[PDB]
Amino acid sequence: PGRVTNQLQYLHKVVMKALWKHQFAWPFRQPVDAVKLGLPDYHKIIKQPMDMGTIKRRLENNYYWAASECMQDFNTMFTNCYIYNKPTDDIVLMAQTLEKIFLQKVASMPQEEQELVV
């Protein structure tokens, strides 16, 4: 059972809003389907797949207990990409651009996490 916090609210309504509509977002909006994309050994290499669609649903459904967990899912999504792919690949450059934006927005997130009731 997760909860609503000021930081999670910010991650939803400011961070995810900036990322979801970005030019480079579309390949990250749903899980990597390795077989359709012809990606060998994707599930040997990546044991914790993650994508922005899953994160967005989790934010919408109060899945997270704390913003740190949501930020961990973002980090996992980006590092999965960096690990599976080559440093010069289009998808890695796209991920780097998205992560730069994510981290920039995190620098203006509310500082002290407090739960919101109603």
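The first residue of the sequence shown is number 1, and the count goes up from there. Between two forms, the rigid core is defined as the largest C-alpha subset superposing within 1.5 Å.
Stretch comparison, 77 to 85 versus 35 to 43: after rigid core superposition, larger RMS CA deviation in 8 other deposited structures of this protein is found for 35 to 43. Annotation for 47 to 55 versus 60 to 68: the higher mean temperature factor (C-alpha) is found in 60 to 68. When 73 to 81 is weighed against 36 to 44, 36 to 44 comes out higher, by mean CA B-factor as recorded in the entry. The PDB entry assigns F102 a C-alpha temperature factor belonging to the lowest third of its chain's modelled residues.
The entry lists a Cα temperature factor for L19 that places it in the highest third of the chain's modelled residues.
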